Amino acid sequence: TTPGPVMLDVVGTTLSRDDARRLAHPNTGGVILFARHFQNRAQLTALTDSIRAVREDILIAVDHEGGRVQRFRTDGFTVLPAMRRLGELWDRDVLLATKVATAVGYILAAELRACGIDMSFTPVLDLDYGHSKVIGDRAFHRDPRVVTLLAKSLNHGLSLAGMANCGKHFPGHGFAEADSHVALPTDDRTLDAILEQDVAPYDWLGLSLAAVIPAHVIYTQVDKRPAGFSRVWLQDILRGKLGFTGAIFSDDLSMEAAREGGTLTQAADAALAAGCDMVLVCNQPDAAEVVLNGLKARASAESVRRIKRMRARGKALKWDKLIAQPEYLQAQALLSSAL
C-alpha cells in the first residue's frame, strides 16, 4: 500500500475500529497528533505502534514548534522556547544562537522519534513584523536573513535525528492581521514585495527545506485564491521560480479561512489541484472520512515520492537509550544555560 493525500487524526489515546477503518482507506497518507492524544510516553508509543500496524506506510506528524505550539509538554518532553527567543539570543550572539537552534532541533526530533513520530510541522518561517498575533512569538525574527540561518540551524538539529522539516506558512503569514483559524486574512502587498522578504527564506534554505505548508491567506495583488488553493503560489512561484521539490501540505482545511474553497471535499480537491501533495483535515475524523471517499481522482505519482521522503530516516533511539545519550544531555544543558 502507498500513502494517500489525506492527513487526518484519530479519536483518542487508543485506536478505535473507526480509526482503523479510516487508516486503511487508500486515500489516507498521514496522521497528525494533538494534545488530546497524549497521556504519557508509554501510551503514545503504543498509539503510534498501533497506527503503523494498520498502515505501515503512514506518516505520523505533530505540531512541535516550541513556546505556544507544542502538543506534548509533560512526562519527559522538554518544554522548548518560543522561536522568538532564539532571534533575541541572535541579537546578542549570532553564533551561540545557531548552536542553540541546532540543539533545540535535536531535542525536538529525538524525543518525538522515541515515541514513533515521523516529523514535526516546524519551522515557522513567517517574519516577525509584529502584525500577526496568531503568529506572534512563533516567528524567529524580523530579518529574513536571520530567519533563514536560524531555521536552517534548527533543521540541521532535526536532521541529526533523521527527521525532516516543514516551513510555514508560505508565502508568509507574518504581515497579515487576521487569524486564519477564525477569519480569512488578507495581504495587499505586491508580488515582488512579498518575494523580496517573506519568500526569501524558502528560496535561501535550498535543500535544507524539506516541505512547506501554505497559508490560508489571500494575497490580493497576486491571486484572489488563498495560497493553499492558489496554483500561482504553489506552482508558478514555489515549484517554478523557486524550483522546490519537497512535499506541500495544505494547512488545516477545517479552519474558517479554508471555507474559501467550499465544502471540505471541494476544498481538498482545490488544494490538491493547486499543488498540495497532502491535505490536512483536523478535529473532525468523520468529515475527514467523507473527504477520503469523495476525493476526485488525480495524478499522484509525483506526490507519493515526496510524501515518502517525509518519513524519518534510519533508526531512532528509544527513550531508555535517549536519556543516557551524551549528545542529548549536552543539548539539554546548553538550552538551559543559553536561555
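Don't overthink the numbering: it's just position in the shown sequence, from 1.
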At least a third of other PDB entries omit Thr245
no
Any chance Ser180 is unbuilt in a third or more of the other entries we compared?
yes
Which of the two stretches, 250-258 or 209-217, shows the higher mean Cα temperature factor in the record?
250-258
Comparing 162-170 with 177-185, the higher average Cα temperature factor in the PDB entry belongs to 177-185
C-alpha B-factor winner, where the candidates are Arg113, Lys133, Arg138, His156
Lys133
Quiz for you: based on the deposited Cα B-factor, which of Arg84, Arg71, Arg142, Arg225 is highest?
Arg225
By the record's CA B-factor, is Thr148 among the lowest, middle or highest third of residues in the chain?
lowest
Is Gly67 in the lowest, middle or highest third of its chain when residues are ranked by C-alpha B-factor?
middle
Modelled-residue ranking by C-alpha temperature factor, third containing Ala297:
highest
Relative C-alpha B-factor of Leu195, binned into the chain's lowest, middle or highest third
highest
Among the chain's modelled residues, which third holds the C-alpha B-factor of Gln266?
highest
